[PDB]
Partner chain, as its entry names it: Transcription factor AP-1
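Have a look below at one chain only, the form solved without its partner chain, in structure tokens format.
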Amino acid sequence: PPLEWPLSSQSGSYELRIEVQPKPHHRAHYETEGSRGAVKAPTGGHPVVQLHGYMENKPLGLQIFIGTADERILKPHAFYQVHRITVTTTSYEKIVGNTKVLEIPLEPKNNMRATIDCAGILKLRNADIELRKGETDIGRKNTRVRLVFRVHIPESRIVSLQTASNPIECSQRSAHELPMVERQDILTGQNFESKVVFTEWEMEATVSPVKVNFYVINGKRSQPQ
């Protein structure tokens, strides 16, 4: 079942859930550089993923890849690949289509719970990707990703679950300069002479049914909401 297919995070009594979410900022590294580390959690630990409602005593693979955080439907990000780090967990890398995918064991003895400390992020160069035949996606200014996890549970048929993380900003500059919105309804985020502006219409909100968006502004705007 291709990565480009959408899947539920649950089916029947099975549910794949992100227990601890990644930080909102992880600076990716290039091939012309050293590793810039595993994706960290705000704890100072690491993302945690759990599968619920698996009763059997045989372990499963958890697959990890880097997807989009865009308005369109979710897909492998053309310009970022997961990076194996070699760390508590054993892991290995396979290719699936044009996409690199990392696989971690998910074990009954740990309640199908895993700490993700062995996945960093590699930034590919826009020029290189945009040349590949069949590719029309645009790198420039597309530096937000999500960790995507999927799992394959066999019966007698295969139930295939996917959960994607909150967006991560992988750009050094955007992390220094931009406000980032994590949660709403009280706004929490990062790098908050701040203003908040609603549009459709344009109207500053005062502060430290219809379809309509807001943005937090510094300069240097967050994404629309």
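Numbering follows the first chain given and starts at 1.
From this point on, the text means the form solved in complex with its partner chain, which you will not see here.
Q | Answer option from 96, 124, 87, 138, heavy atom within 4.5 Å of its partner chain in the bound PDB entry | A | So the residue touching its partner chain in the bound PDB entry, by this definition, is 138.
Q.
Within 4.5 Å, heavy atoms only: does residue 154 come near its partner chain in the bound PDB entry?
A. No.
Q) Looking in the bound PDB entry, any heavy atom of residue 132 within 4.5 Å of its partner chain? A) Output for residue 132 is yes: heavy atoms within 4.5 Å of its partner chain.
Q) in the bound PDB entry, which of the stretches 97 to 105, 124 to 132, 145 to 153, 110 to 118 has residues with heavy atoms within 4.5 Å of its partner chain? A) That would be stretch 124 to 132.
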